[PDB]
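K.L.:
Kindly generate the corresponding structure for this input.
(chains A and B, ligands or ions: 2)
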There are 2 protein chains.
Amino acid sequence: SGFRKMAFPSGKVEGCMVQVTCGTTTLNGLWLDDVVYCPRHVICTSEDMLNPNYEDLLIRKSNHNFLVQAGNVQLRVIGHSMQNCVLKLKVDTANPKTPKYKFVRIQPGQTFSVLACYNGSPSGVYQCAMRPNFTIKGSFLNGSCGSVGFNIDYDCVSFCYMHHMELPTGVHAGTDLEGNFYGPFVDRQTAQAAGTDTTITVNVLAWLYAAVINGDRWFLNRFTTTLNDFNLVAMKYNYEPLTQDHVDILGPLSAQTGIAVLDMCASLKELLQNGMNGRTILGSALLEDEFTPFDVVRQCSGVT
Amino acid sequence: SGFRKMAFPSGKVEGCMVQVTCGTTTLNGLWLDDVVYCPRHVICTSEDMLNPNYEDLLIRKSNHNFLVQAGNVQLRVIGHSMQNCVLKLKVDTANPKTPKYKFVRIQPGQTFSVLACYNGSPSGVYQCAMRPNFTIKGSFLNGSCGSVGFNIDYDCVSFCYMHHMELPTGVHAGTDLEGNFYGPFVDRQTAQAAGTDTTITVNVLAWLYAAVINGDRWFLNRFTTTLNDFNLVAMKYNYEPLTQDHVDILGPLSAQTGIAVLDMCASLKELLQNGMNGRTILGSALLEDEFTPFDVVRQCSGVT
Ligand SMILES: CC(=O)NCCc1c[nH]c2ccc(F)cc12
Ligand SMILES: CC(=O)NCCc1c[nH]c2ccc(F)cc12
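P.N.:
Numbers count the residues shown, from 1 in each chain, chains lettered A, B, ... in the order given. Ligands and ions are numbered 1, 2, ... in the order given. What follows is the structure:
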C-alpha cells in the first residue's frame, strides 16, 4: 500500500551521462554506443542565443572544438553532425555501459523520469509528464541542458526527452533524441509563450483508481455520466477531452476495482464542481495528473 | 527554475540490491563488501509473524538455508548473525560495486530516497521523510521488504532506512542498517498504531523559501512573528515546534531571499489561519514538508 510519485531507477542512464564543452559553454551529453548526443546550443555564446544561425556557427567548429569528458577521462571526437536541434558527436570509444535503448517521441500526457545533471554528473531524479502544451514542469538550473527524460521497459531505456531551455514563465522545453522540439518551441532566446496547460484527464482517472486501491474512497459518488456529459464539464475546467481510447486504457483499473470508468468520471465531475472541501486524496489537495494508467498498474502490481 | 520532489540518483544503490530467500519467503537484501543485510523476518512463515521468537526460529537456520542471488548468480553464504531486527549474511564475495558508504540513523523530519525493489530488482525511486511519529509514507507491496532509504554526499551513500512492514493504516515502518526500528514499532504482525503525524515546520519553511526563489510569492505577507507566538499557532495546527536550531538551519535561505525566518513564519501562520483560498504554491494545494533546508539549498544550487 501507499502510492508515490516514483521515477525509474536511474543507474542505466547515470552510466550514459557525459560533460560536453564547446568554448566557454558546458552542458550534458548522452553517450550511447560511440555517439554523444547534446543540445546544439552548446556551440552558442549567450550573445549567439538571441538569434543563432546554427549551420553558420557550426562551420566555425571542428571535432577538436567539442570537449567530451566521461568521469575524469576525455573522449576523442572523430565526427560531428547536427540532426535537428541536437549534435551527434562520434567518439572513438563505444560507451561500455550502453544499455539496451530506443529513442521514442512521446505524446502529451505521457510521464517519464528526468535525471537532472550538471557537468555530466547526476544530481537527482524526478517524474515529469509531457504537458498538453508540450512543456514540462522540471527542475533545471544553468548547466542542466542535455539532461534526458526516459522510461524503462525491464532492461530497455526508451529515451524520450533532452532538456534545451526554460521559457520566460519558468516551464521547460526540449526535444526528442532526434532533436525535434516537443511543441512549437525553438532553441532561440526569444520570448516564447506556452498554450493552455490543461489537466491530463485520463491520468487523473488513473490516479483516482490508485486512490481507491490504496483505501482513499471518500470521493466515490453515487453517480455515473457519459463521455459527452463528462467532456462538457472537462472543457469548462481546462481538462483534456476523454476519448474511448482513454476509457479502453483504464479498463484494467476498472476491472481491478469494479468501478466502471464512466462512474469514476462522474466522481471526478463532482470533484471539479464541489472541490476537495479541504480533504486530500493520496496526500494531495489537488487532482494529480502526472501518473499514466500504465504507471498506476506498474506501481500497484510492482513491475521491475 | 522549477522545484521538483527529487530523489538521489539510485545507480550506486541499484548495484547493492540482492534477492534473499529463506524457505518460501523472498525479500530484498543490501550487499555491501562481503555482507548482505536483510530484515530478520525473512526467516518467518506469515504464521510465525503473529508472535515470532527470532532467536528460536534462527536456531533452525544454517548458512545454506539463506539463498542470496545477485542478478542471476548465487552468492555463497559463509556466516549469518542477527543484529537487532536485521540479518547480516557473510558471503564469500565482496560486492564489486560496493560504493563508499555509511550507516546513519536519521532524525524525524530528515528526507531520504527509497529504491523500491522486488526479488532484488529495482522498480522505482522516490523521496520520503521520516515522519515525526517515526513512520514513512512509502509505496511498498509484498516482496518490497529490505528495500533501503539513503542519502548521497557526492560519492558516499549514507544508508538510513531498511523497509520491514506496513501498519494496519498503510503507513510504513523500518530500521536503520543496525536493525533498530525507527519509533516504537516491532517486526510482529500485531496491530500497532502510529502517533500524531505532525507537519515538519522547518521543512515547510524551507519549501516556502524554495517557492519565493522560483517566483511563487503571492503568500508573502506584511507581518512578522516570534518563535513563541508562531509555536502557539503551530501547536494548534499539529505542526512541530520551531526551535532556534531550525531558525539557524534556515539562515542561508533567509540570506539568499532577504526574508527573515520569523517573517516567513508569519506568512506560514497566515497560510494556516487563512488557508490557500484555492491557490497553489509550487503546484501544491497543501504545504509540502518533505523538503529539508539542505534539500532546498542542494536543488536550488545544483549540487551533484
Ligand atoms: C527564459 C527565456 O528567456 N527563454 C527564451 C529561450 C532561451 C533563453 N535562453 C536560452 C538558451 C538556450 C536555448 F536553447 C533557449 C534559450
Ligand atoms: C498491516 C499489519 O498487520 N501490520 C502489523 C505488522 C506486520 C504485519 N505483517 C508483517 C510482516 C513482517 C513484519 F516485520 C511485520 C508485519
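K.L.:
can we go C-alpha only for contacts and neighbour counts from here?
P.N.:
OK.
K.L.:
So which bits of stretch A:112-128 are buried?
P.N.:
Buried residues in stretch A:112-128, counted by 16 or more other CA atoms under 10 Å in any protein chain shown: A:112-128.
K.L.:
Select from those residues every entry located in strands.
P.N.:
The members of these that map onto strands under DSSP state E are A:112-118, A:121-128.
K.L.:
Residue of the stretch 201-304 of chain A closest to chain B, please.
P.N.:
Distances between the stretch 201-304 of chain A and chain B by CA to the nearest CA are smallest at residue A:304, namely 4.1 Å.
K.L.:
Show the contacting residues for the nearest residue to that residue once chain neighbours are set aside.
P.N.:
Nearest non-adjacent residue to residue A:304, counting by CA to CA, 6 or more residues apart in numbering or on different chains: residue B:123, 4.1 Å away. Residue B:123 makes contacts with A:8-9, A:302-304, B:115-117, as judged by CA atoms under 8 Å, 6 or more residues apart in numbering or on different chains.
K.L.:
Which residues are in contact with the residue of the stretch 201-304 of chain A closest to chain B?
P.N.:
Here residue A:304 is in contact with A:154, B:117-118, B:121-124 (CA under 8 Å, 6+ apart).
K.L.:
rerun that using 7 Å as the cut-off
P.N.:
A:154, B:118, B:121-123 (CA atoms under 7 Å, 6 or more residues apart in numbering or on different chains).
K.L.:
Make CSV out of those and add distance to ligand 1.
P.N.:
Listed next are those as CSV, based on distance: CA to the nearest ligand atom, whole Å:
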residue, distance to ligand 1
A:154, 32
B:118, 40
B:121, 37
B:122, 34
B:123, 33
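K.L.:
all helices for the stretch 51-200 of chain A, in order.
P.N.:
Assigned by DSSP state H, counting those that start in this stretch, the helices in the stretch 51-200 of chain A fall at A:54-59.
K.L.:
Which residue ranges of it form strands?
P.N.:
Listed in chain order, the strands of the stretch 51-200 of chain A (DSSP state E, counting those that start in this stretch) span A:66-70, A:73-75, A:77-83, A:86-91, A:100-103, A:111-118, A:121-129, A:148-153, A:156-166, A:172-175.
K.L.:
Next, count neighbours for residue A:10.
P.N.:
29 (other CA atoms under 10 Å in any protein chain shown).
K.L.:
likewise residue A:260?
P.N.:
Count around residue A:260 with other CA under 10 Å applied: 15.
K.L.:
So the closest residue to it other than its chain neighbours versus residue A:248, what's the distance?
P.N.:
The shortest distance from residue A:260 to any non-neighbouring residue, by CA to CA, 6+ apart, is to residue A:254 (5.4 Å). Separation of residue A:254 from residue A:248 (CA to CA, to the nearest Å): 10 Å.
K.L.:
Also residue A:45?
P.N.:
49 Å.
K.L.:
neighbour count winner among the two?
P.N.:
residue A:45 (14 against 11).
K.L.:
on that earlier part again, for ligand 2, state which of the contacts of residue A:304 is nearest.
P.N.:
In terms of CA to the nearest ligand atom, no member of the contacts of residue A:304 lies closer to ligand 2 than residue B:118, at 15.2 Å.
K.L.:
isn't the closest one right up against residue B:141?
P.N.:
No: in this structure, residue B:118 is not within contact of residue B:141 by CA atoms under 7 Å, at 8.5 Å.
K.L.:
Name the residues contacting each of these two.
P.N.:
By CA under 7 Å, 6+ apart, no residue touches both residue B:118 and residue B:141.
K.L.:
farthest-separated two in the contacts of residue A:304?
P.N.:
Spanning the widest gap among the contacts of residue A:304 are A:154 and B:118, at 12.6 Å by CA to CA.
K.L.:
measure the residue of chain A found nearest ligand 2 to residue A:219 for me?
P.N.:
Closest approach between chain A and ligand 2, counting by CA to the nearest ligand atom: residue A:1, at 9.5 Å. The gap separating residue A:1 from residue A:219 is 19 Å, by CA to CA.
K.L.:
So for the two, which sits in the more crowded spot?
P.N.:
residue A:1 (21 against 18).
K.L.:
separation between that one and residue A:216?
P.N.:
Remark: distance between residue A:1 and residue A:216 (CA to CA) = 11 Å.
K.L.:
One more: residue A:57?
P.N.:
56 Å.
K.L.:
Quick check: phi and psi at residue A:236.
P.N.:
Taking degrees, to the nearest 10, you get phi -60, psi -30 for the backbone angles of residue A:236.
K.L.:
can you check the one 3 residues further on too?
P.N.:
With angles defined as degrees, to the nearest 10, residue A:239 shows backbone torsions of phi -100, psi 140.
K.L.:
Now for it: which residues touch it?
P.N.:
Residue A:239 makes contact with A:198-201, according to CA under 7 Å, 6+ apart.
K.L.:
What strand or helix carries residue A:297?
P.N.:
If you go by DSSP states H and E, residue A:297 is part of helix A:293-301.
K.L.:
Which residues belonging to that helix are considered buried?
P.N.:
A:293-297, A:299-300.
K.L.:
Could I have the CA atoms of that helix written out in PDB?
P.N.:
These are the backbone C-alpha positions of helix A:293-301, laid out as PDB (Å, rounded to 0.1, in the frame of the first residue of the first chain):
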ATOM      1  CA  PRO A 293      -2.800   4.300 -16.300                       C
ATOM      2  CA  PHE A 294       0.400   2.300 -17.100                       C
ATOM      3  CA  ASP A 295       2.200   3.900 -14.200                       C
ATOM      4  CA  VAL A 296      -0.700   3.100 -11.800                       C
ATOM      5  CA  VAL A 297      -0.700  -0.600 -12.900                       C
ATOM      6  CA  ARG A 298       3.100  -0.800 -12.700                       C
ATOM      7  CA  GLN A 299       3.300   0.700  -9.200                       C
ATOM      8  CA  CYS A 300       0.200  -1.100  -7.900                       C
ATOM      9  CA  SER A 301       1.500  -4.500  -9.300                       C
END
